[PDB]
Amino acid sequence: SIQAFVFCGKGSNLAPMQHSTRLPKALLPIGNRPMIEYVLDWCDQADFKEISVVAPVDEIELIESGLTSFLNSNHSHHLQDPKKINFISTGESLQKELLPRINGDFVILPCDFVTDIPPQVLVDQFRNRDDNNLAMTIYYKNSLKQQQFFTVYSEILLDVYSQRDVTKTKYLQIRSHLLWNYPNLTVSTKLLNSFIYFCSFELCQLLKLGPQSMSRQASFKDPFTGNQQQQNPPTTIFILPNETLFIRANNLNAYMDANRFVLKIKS
Amino acid sequence: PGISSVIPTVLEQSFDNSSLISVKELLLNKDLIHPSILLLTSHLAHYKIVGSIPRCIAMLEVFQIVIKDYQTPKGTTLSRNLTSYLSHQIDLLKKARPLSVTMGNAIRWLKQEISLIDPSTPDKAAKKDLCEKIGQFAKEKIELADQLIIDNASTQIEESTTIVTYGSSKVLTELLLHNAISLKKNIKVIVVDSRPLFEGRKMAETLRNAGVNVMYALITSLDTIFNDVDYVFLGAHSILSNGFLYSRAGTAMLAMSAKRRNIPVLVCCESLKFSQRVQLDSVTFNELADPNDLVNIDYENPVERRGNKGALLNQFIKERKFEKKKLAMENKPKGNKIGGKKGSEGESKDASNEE
Amino acid sequence: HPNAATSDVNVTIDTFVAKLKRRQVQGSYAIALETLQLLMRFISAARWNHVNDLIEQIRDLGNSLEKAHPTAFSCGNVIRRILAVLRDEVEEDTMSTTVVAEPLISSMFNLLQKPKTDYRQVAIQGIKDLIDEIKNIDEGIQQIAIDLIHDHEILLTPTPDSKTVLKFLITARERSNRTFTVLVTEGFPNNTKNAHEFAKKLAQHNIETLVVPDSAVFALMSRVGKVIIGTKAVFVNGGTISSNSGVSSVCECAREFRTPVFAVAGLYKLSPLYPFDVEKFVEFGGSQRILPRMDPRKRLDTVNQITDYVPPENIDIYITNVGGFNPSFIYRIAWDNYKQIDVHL
Amino acid sequence: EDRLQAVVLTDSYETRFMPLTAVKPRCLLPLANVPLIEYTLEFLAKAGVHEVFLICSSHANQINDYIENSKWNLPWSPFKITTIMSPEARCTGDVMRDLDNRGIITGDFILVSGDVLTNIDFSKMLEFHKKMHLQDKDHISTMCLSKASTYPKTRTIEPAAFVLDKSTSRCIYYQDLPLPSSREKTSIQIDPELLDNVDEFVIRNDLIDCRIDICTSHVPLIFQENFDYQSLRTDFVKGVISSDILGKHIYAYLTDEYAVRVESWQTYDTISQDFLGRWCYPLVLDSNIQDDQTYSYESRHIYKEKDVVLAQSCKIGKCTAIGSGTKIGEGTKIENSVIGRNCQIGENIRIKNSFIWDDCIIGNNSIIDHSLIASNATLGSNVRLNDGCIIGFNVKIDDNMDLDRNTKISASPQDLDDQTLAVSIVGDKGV
């Protein structure tokens, strides 16, 4: 009924520490408290019993050791290593592999996290509002160019379109059928997606018959398009994505943000 | 078990017959609690749609699911801790929000069933026949009863009828729908609704979705539509062995008005809604929710606004209480239609021995 | 007579009309004040010397105003009062100009059988008198009100809006030893904000507040002691039109459970027109403040009314500056300041 | 903020109303008995205008007459009306240019494009406009918006698009798409020059069209400077925004209250229906603004004026209105309809969401389901119609008729079907 999957990889995007042979992505002490400490705390808070961490080809026992020693844990965590990983796919290929182990509804939570939010309320929202998928976006750093853009609603709070700025045509484009049902659609500049994902019971059917997703974003939320043609078989409650906004200073790490997180932590 | 007490709102000098709050947002739940019960509790806490009849059905379904999920342990027998579990569940329900007479009856029946089958029969074969029998019971003491109610209504209700109601009683909705589309007639159906809930509104919506001419009504002026109105059903919940109706909202007022102006008021019921417990006023046993339901400026339900309202302790003493369940009278609801077909509420327990 | 001279002769007639029609004006008292001011303006600049003609003109003016708005009556009433004031004076004057007693103040059979001065100054004074009356009704109601409230008694108050009623309540509350608890219905469509304001005011003084849903009166009435209203319009056979929402059902409940019903009243607020049907006098309300969005409105039919009418079968006393009077009697009071001729203008 | 002057656009979108307009024009027409410019005039009065400019062109004489008959040619009000002359069927730029040539205004002025029925208090808006102006010099005009009637699925012809701001509230873009009638275009392209200067963005498509502007002393000069502009919404404001004058901003404002501009038949019908419901509060028939109207609110959602006569045994529905001087025999099964002042009826009218205008004579027997009858257009015997039908001026409909959906009916004594002279779609006679 209640399970969580913990994504782990390798520091491909980070610049100046991660290229050393014995230090992993999961175990990174950047601001005193460890990177997977916070995740573990979150999991504990979330009342989730059985949690399994997905591990890459690099580091197989180090993560296990981390899970075991130093740390409160008191839970039956299991560290599993599937073989189909190439990175050129971060976690989609792992997700595709682990599917008969999912008995209920699963939650996706990467190893690299910075958190300050009240966490119960996301879970509760996921449970209540009869929704298949829900994600999170949080404010840009407020302390003293080309960026990223997301779609939002404010009355129900829904998501529709999620595309960035790296690989697209120069002018901004909107579809016709993707407005005539669900009229009001607001676009925001400031928001940073924390990459936290929730998944319902009926999702396992698609990843064993026809894969398309890249970096866990492509064929997940945007294939909600039940308009124009109707040519991809849907699994029945309609295919609908959701999103919620929060205020506190905590976000994703991808670029030069680690050094800023250091500055943040001591408060 | 969890967290109890430590909550806002005063004891209230006016009306304190039952306690007022509980568990809404989940943390540190026991490692044996079935999720269906939890979800139901979450629903009921902020529920719009259900009231009396469907709730019981839902509960039954949940119980059936639990039974399906349950198997006889190696150490403890089939009747060892089941009863305890049931009791715990009931206590949780009570903590969440007080319950109905039908529910109690169902619980009693379950208990009886527990006793009936001896702890020696094959375990797989036991629950096989159990779930069948429960299903049968559900069919008979709800669906069959509903059918019977419908048929009762059919013989009595005239060629072309204007029907005025209050609430969200599913039976009545079904009846209305039947009249609209199945047997086919002219139906001017008027529904009334209060401030905190939107039951009436929901019913109207449903009727629209089936295609009916509806009038949407409120408290401030009922009379303006009567002064014409010919036939009226009330929001049935529970009958006592006096001959009254423990029911929802200012239905009593409406009934009084009906009594004053020409026509009797009538009610349909299920032959398991009846109690054997009794009371006689809107002070006896009050059903309460939080005074937070009326802070927001109306229109919709989830809004979040800034204005003036939001004082339960801030200003110099401010109590903003209400009621959900009140007393409907006796001399006026002459009509009752059940699983035993006919009778008066003056004949308050003439089917309670017949069962 | 139409509005042909009455535009440049007097300044703000059009503005007054606008206020009436489009409801720029707020408060019955305020309306009355405005009417008085208009009358003053009419008097001051314009000259007549001929009296009956003038009276007729005034009647016509009043009539037109009344016809402009079929549920605001204060304006009409003030005018009627002024007419009455004038008429008696005129009658007195006639008897001096030319140069029998009745069993009481007025006879009945005189209607079937055949029966320069400082008058302008007197007329001026009349308006001033009226103004003063309007100002200090409460200083005349005050010591008639604190004659019927006791200790350990629950007091119901639907439709609490006016500055009069509030003041009355405050005066009672000043004698804090007199024990009374206040139940206040919110009043669904329009009264809500006003009710809240009233509650706040009560709290300010230290008066015990209980906020009531309108559906829930049957559950409270058996515990309710005395009920006070603060009406807008008072009528012939005893009933009232009160400032919006939840009064009819309440009254019915009271009748059923037998409950005492006070009403704060004023004779200038009292109308001598008889209400005969629900089909006319009851004023309806806006669906705008019920449900947003208009595509569900295609099939359903929302029914709502602002201000409501009361049958006299229920209320029992009218606490005025003069005194508390019986509903099946108040006609006499009205006639002690109004006529049978000044009705259908 | 005292002393105000306004420019009003009546006569704009004829032929858009296709069955009507031949002798009597577009803006003069009634809603439920009452003409449409009257509401605009009332609004103007409420605002506090002292100098009124109005445009007349097509069927202009009658409009002028009606204006004269209205109570504003008399100097009792703070304002007077004057007529601007222009050629038959024109755009809005020419008129602007003409006005500029004439040259009167000193400060802030108003332009009301189209036909607007607004119940909204505007003093506060004016104050806000003033405050905004006091912020910075290079600032022009104010624009109004509102949350739509539920979901835009019945309102098909208007697909208005707006891209706005939170902090200062500023728009750039506008777009139109048909969709469920003919599925074609699926692409819109957006301005990428200036974005991080503003930061906050709110994009909305489900907003009600009104077409109103509070304007400062810049617009006519601008029009003079760039004479390529044709309309204000489609080209002008957008052009101004797109680096025309460096640093020149405009204003956006939201109000949840009911305010709709009319343009089509179904929209008009919807507006009528809304009015029938108590959606409008500073505008109801019992208040009687004209001082010659004597309508009052009644039970079961029916409107009535003084003196209405009917014959015995009846059956009535909801959201209806019956005017003064209506002489009705036995019948009328009334559901959702307008009938104007003075309507003589023989016997029986089965009414299911119908419509009847000023002064109509209906003969014997008619089954009517969602259709409109115009002024003086007399109905003979046996009238049977279907959905969305529209009848024009002076249509002397005679004996025996059958028509279905979308069948438009003429007005002239030129292009369309159902002729005004003897028998319509049972004989070809007329001009």
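All residue numbers here begin at 1 and follow the chain in the order shown.
The backbone N, Cα and C atoms fix where each Cβ goes, and this holds for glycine too.
The phosphoserine annotation in Swiss-Prot covers A:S215 (among others). The Cβ of A:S215 (phosphoserine) lies under 8 Å from the Cβ of A:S89, A:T90, A:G91, A:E92, each of these being in the same chain and 6 or more residues away along the sequence.
Swiss-Prot lists A:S219 (among others) with the feature phosphoserine. Mapped onto three states, the DSSP output places A:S219 (phosphoserine) in helix.
According to Swiss-Prot, the phosphothreonine annotation covers A:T225, on the basis of a large-scale study or a structure entry. DSSP assigns A:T225 (phosphothreonine) to coil in the three-state reduction, outside any helix or strand.
A sphere of 10 angstroms centred on the C-beta of A:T225 (phosphothreonine) encloses 15 other C-beta atoms.
A:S219 (phosphoserine) has a Cβ environment of 16 other Cβ atoms inside 10 Å. On the backbone, the CA of A:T225 (phosphothreonine) and the CA of A:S219 (phosphoserine) stand 11 Å apart.
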